[PDB]
*Asks:* 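Here it is: the structure, laid out below.
Start at 1 and go down the list; that is how both ligands and their atoms are numbered. Positions are given from 1, in the same order as the sequence printed here.
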Amino acid sequence: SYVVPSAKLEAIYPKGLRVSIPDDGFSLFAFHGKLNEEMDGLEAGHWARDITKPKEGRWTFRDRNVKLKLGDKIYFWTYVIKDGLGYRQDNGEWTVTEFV
Ligand SMILES: OC[C@H]1O[C@@H](O[C@@H]2[C@@H](O)[C@H](O[C@@H]3[C@@H](O)[C@H](O[C@@H]4[C@@H](O)[C@H](O[C@@H]5[C@@H](O)[C@H](O[C@@H]6[C@@H](O)[C@H](O)O[C@H](CO)[C@H]6O)O[C@H](CO)[C@H]5O)O[C@H](CO)[C@H]4O)O[C@H](CO)[C@H]3O)O[C@H](CO)[C@H]2O)[C@H](O)[C@@H](O)[C@@H]1O
């Protein structure tokens with residue numbers, strides 16, 4: 001019913017991944033994703049992590065170590081708890097087009 005804010009993904013140079021969303025009175029944010037490999041629905045994913053506090057208005061997940069390449073695909077879903085209830089951005093797809 002409620003629509004989760006779309007995730008913003010960023011390929012960091014020379015290495016790393018950041019994934020974040022603005023907060024909307026949430027109590028948790030989780031990111032589930034794979035590298036160049038499609039998700040079979042709500043599988044856990046290669047990256048699979050609960051984030052438990054926001055900072056500067058955003059919920060941020062990072063992998064400080066992945067070396068991403070132009071053209072890399074990330075398939076994902078996110079999960080958010082708002083007022084004790086869960087919501088998902090489903091069927092996420094992102095292509096690395098630039099580094100930040
Ligand atoms: O110590 C024991 C054990 O603990 C584990 O750690 C816990 C940890 O895994 C947990 O992490 C949270 C995670 O579970 C949660 O995942 C949810 C997921 O549960 C949800 O799954 C749904 C099912 O709920 C649903 O079941 C249906 C049910 O709702 C309905 O009422 O009845 C149906 C019966 O007819 C039943 O089928 O079925 C659907 C499939 O159709 C599932 O998809 O899905 C959501 C996504 O929608 C998913 O997010 O997410 C939380 C937030 O990210 C996680 O934090 O957290 C616990 C702490 O709170 C931990 O204790 C360990 O892993 C084990 O090793 C330990 O032994």
*Asks:* Using a 4.0 Å cut-off to any heavy atom of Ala30, which atoms of ligand 1 qualify?
*Replies:*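 Answer, ordered by atom number: 53 (O).
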*Asks:* Under a 3.5 Å distance rule, please check whether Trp94 uses its side chain to pair with a backbone N or O of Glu10 as donor and acceptor.
*Replies:*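 Here the side-chain-to-backbone pair does not exist.
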*Asks:* Look at the rings of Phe99 and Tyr13 and say which category their plane angle falls in: under 30° parallel, 30 to 60° tilted, over 60° perpendicular.
*Replies:*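 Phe99 and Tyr13: perpendicular rings.
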*Asks:* Under 30°, 30 to 60°, or over 60°: which ring-plane class applies to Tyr2 and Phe26, parallel, tilted or perpendicular?
*Replies:*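 Taking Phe26 first and then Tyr2, their aromatic rings stand perpendicular (interplane angle over 60°).
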*Asks:* Would one find more than 12 heavy atoms of other residues, nucleotides or ligands at under 6.0 Å from atom CZ of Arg49?
*Replies:*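 Counting other residues, nucleotides and ligands, CZ of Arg49 stays at 12 neighbours or fewer.
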*Asks:* Quick check: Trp77 and ligand 1, any N/O pair under 3.5 Å apart?
*Replies:*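 Not met; the criterion fails.
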*Asks:* Side chain, backbone, both or neither: which applies to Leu28 and ligand 1 if a contact is any heavy-atom pair less than 4.0 Å apart?
*Replies:*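 The part of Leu28 near ligand 1 is the side chain, not the backbone.
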*Asks:* Using a 3.5 Å distance criterion without hydrogens, assess whether the side chain of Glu43 forms a donor-acceptor pair with backbone atoms of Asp40.
*Replies:*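 At least one qualifying donor-acceptor pair exists.
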*Asks:* Counting only non-hydrogen atoms of the protein, does one fall under 4.0 Å from atom 42 (C) of ligand 1?
*Replies:*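 Given the 4.0 Å limit, the answer for atom 42 (C) of ligand 1 is no, no protein heavy atom qualifies.
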*Asks:* Is at least one protein non-hydrogen atom found at under 4.0 angstrom from atom 31 (O) of ligand 1?
*Replies:*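 For atom 31 (O) of ligand 1 the answer is no, since every protein heavy atom stays at 4.0 Å or beyond.
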*Asks:* Can you check atom 19 (O) of ligand 1: any protein non-hydrogen atom closer than 4.0 Å?
*Replies:*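 No, there is no protein heavy atom closer to it than 4.0 Å.
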*Asks:* For ligand 1, which atoms sit closer than 4.0 Å to a heavy atom of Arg88?
*Replies:*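 Atoms satisfying the 4.0 Å criterion: 46 (C), 47 (O).
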*Asks:* Among all the protein's heavy atoms, is there at least one whose distance to atom 65 (O) of ligand 1 comes out below 4.0 Å?
*Replies:*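 It does not; no protein heavy atom is within 4.0 Å.
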*Asks:* Can you tell me the protein heavy atom closest to atom 44 (O) of ligand 1 and the distance?
*Replies:*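 Residue, atom and distance for the closest contact: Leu42 CD1, 4.9 Å.
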*Asks:* With distance as the sole criterion, is a donor-acceptor pair present between the side chains of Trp59 and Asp23 under 3.5 Å?
*Replies:*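 Result is yes, a qualifying pair exists.
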*Asks:* So with a 6.0 Å cut-off around CG of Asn36, is the heavy-atom count from everything else above 12?
*Replies:*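 More than 12 heavy atoms, drawn from other residues, nucleotides or ligands, come within 6.0 Å of this atom.
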*Asks:* For the backbone of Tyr87 and the side chain of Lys82, can you confirm whether one donor and one acceptor N or O come within less than 3.5 Å of each other?
*Replies:*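 The answer is no, because no donor-acceptor pair under 3.5 Å joins these two groups.
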*Asks:* Yes or no, since that's all I need: does a protein heavy atom fall within a distance strictly under 4.0 Å of atom 49 (O) of ligand 1?
*Replies:*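 Under the 4.0 Å cut-off, atom 49 (O) of ligand 1 does have protein heavy-atom neighbours.
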*Asks:* What protein heavy atom lies closest to atom 54 (C) of ligand 1? Include the residue and the distance to one decimal.
*Replies:*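 For this ligand atom, the closest protein heavy atom is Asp50 OD2, 3.4 Å.
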*Asks:* Looking only at atom types and distance, does a side-chain atom of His32 sit under 3.5 Å from a main-chain N or O of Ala44, one as donor and one as acceptor?
*Replies:*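 Checking the backbone N and O of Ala44 against the side chain of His32, a donor-acceptor pair under 3.5 Å is found.
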*Asks:* Is atom 46 (C) of ligand 1 touching the protein, meaning some protein heavy atom lies under 4.0 Å away?
*Replies:*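 Within 4.0 Å: yes, protein heavy atom nearby.
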*Asks:* Considering the heavy atoms of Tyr79, write down every atom of ligand 1 situated less than 4.0 Å from one of them.
*Replies:*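 By the 4.0 Å cutoff, the relevant atoms are 45 (C), 46 (C), 47 (O), 49 (O), 52 (C), 53 (O).
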